[PDB]
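Form deposited in one PDB entry, single chain, as structure tokens, below.
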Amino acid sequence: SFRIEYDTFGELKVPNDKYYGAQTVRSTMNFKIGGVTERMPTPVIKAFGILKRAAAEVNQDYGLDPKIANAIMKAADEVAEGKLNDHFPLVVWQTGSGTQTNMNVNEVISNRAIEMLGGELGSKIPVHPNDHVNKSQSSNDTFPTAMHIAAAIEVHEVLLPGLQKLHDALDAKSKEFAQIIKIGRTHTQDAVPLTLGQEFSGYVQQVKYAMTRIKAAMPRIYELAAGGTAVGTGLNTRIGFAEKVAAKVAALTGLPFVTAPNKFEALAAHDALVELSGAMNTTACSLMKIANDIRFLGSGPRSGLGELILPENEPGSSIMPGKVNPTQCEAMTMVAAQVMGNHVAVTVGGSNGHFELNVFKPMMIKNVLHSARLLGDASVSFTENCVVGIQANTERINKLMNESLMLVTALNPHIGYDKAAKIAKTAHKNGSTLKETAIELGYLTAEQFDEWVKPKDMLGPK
């Protein structure tokens, strides 16, 4: 149930049902770090299929046999569509250039193309992993290209649409809560009123600005290293390959990829990934604040803040009515913490390039893709399983507005500062309301209190 292949170090058993070859088996033997959960992220694998599909078509310009190119293109399409994920067993913790994964991409695409052509698996005929599938490319400029394709597609498909959905649901709730006045909190102390809508509109703005920040990190991610070859000069590739492969990847993906203007900058560093991680890191801070607020605003039922009633998506206890754990807030704030740690990992790698090549590439793109997927998915989950079903506990909020000591300043132009203060002090001492106290002190009538103390008039400048 295995075939025998060879590398210059010896013979290796390759399972008959696997499209990878000797280079990949050897790689598995030498990089056993962390297990299966540490396998190279699927979006990197798919991005490699896109790049190899692109290169094969372009290389027809540079002597690649059209019949061989087309089988390569078809096989690379299968990789890009996620039909061959089981033929990539290598972990992130390999070489820092991601060379093993490039070799394994080349082998899988070679062997599947060979199969399509009716050839023998493991024979390198008629499709050679290096000479055909890796034609005009280098170990050093392929993985970086795969990283950026992967990141851009993830931001485009997962991260940004997730945040947009969250934005829209937060905005919708903002409008729904536009007339519900509650007591502000500063330093967590009671403070002057604001609407739930105003408070939520802050969250909306943060998510809005988060999307702008992420978008602003994308132009440098669209720059591709393909064509720099070994050290940046483009030695051993062809004139035109850099520009054509970028345009081809752009046509296949519909994203505006271009070749990096400076290939030395593109190979020796991944500052673009650091900046993209940076924008996600800010996004995590916004989302930590939005989810934690909502967590606390939904606390109760009676020893908390109790402003919000959160959807209950999973069974509680009938003898515990009103008690609902803010589960999605917890998922979201945990993601937020992860992103911040991922950002430090990304940063340490990005800072440690040496001369012509940064060799921390797999760990950098892992952490960027991890953060982008978590943020996107959590946004969608948080939206659908919490935000959209949020209701205001208007009964409890109205009660707490009436029990507040904050509104007492509304009395000042009518009874003066000292009578207003004495009302607040006495209410504070007796555990009664401003109105009850103000009446008992004979300072005003109930009818006067209602006319003079209007929360709706305490929501803006004059």
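Start at 1 with the first residue shown and count on from there. Residues that one form lacks are left out of the comparison. Rigid core here is just the name for the largest C-alpha set that superposes within 1.5 Å across the two forms.
The form deposited in another entry is left out here; the points below concern that form.
Engineer: Out of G82, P161, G322, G240, I need the residue that shifts by 2 angstroms or more at the Cα between this form and the one not shown, core superposed.
Structural biologist: After core superposition, the one over threshold is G322.
Engineer: Closer or farther: how do the Cα atoms of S317 and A331 compare in the other form versus the shown form, where the change is at least 3 Å?
Structural biologist: Relative to the displayed form, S317 and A331 draw closer in the other form - a change of at least 3 Å between their C-alphas.
Engineer: Just say closer or farther for the C-alpha distance from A331 to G316 in the other form, relative to the shown form; it changes by 3 Å or more.
Structural biologist: Closer in the other form, by 3 Å or more.
Engineer: Moving stretches between this form and the one not shown on a rigid-core fit: which runs of at least three residues all have C-alpha shifts of 2 Å or more?
Structural biologist: Run 315-324 stands out as the only one displaced between this form and the one not shown - at least 3 residues long.
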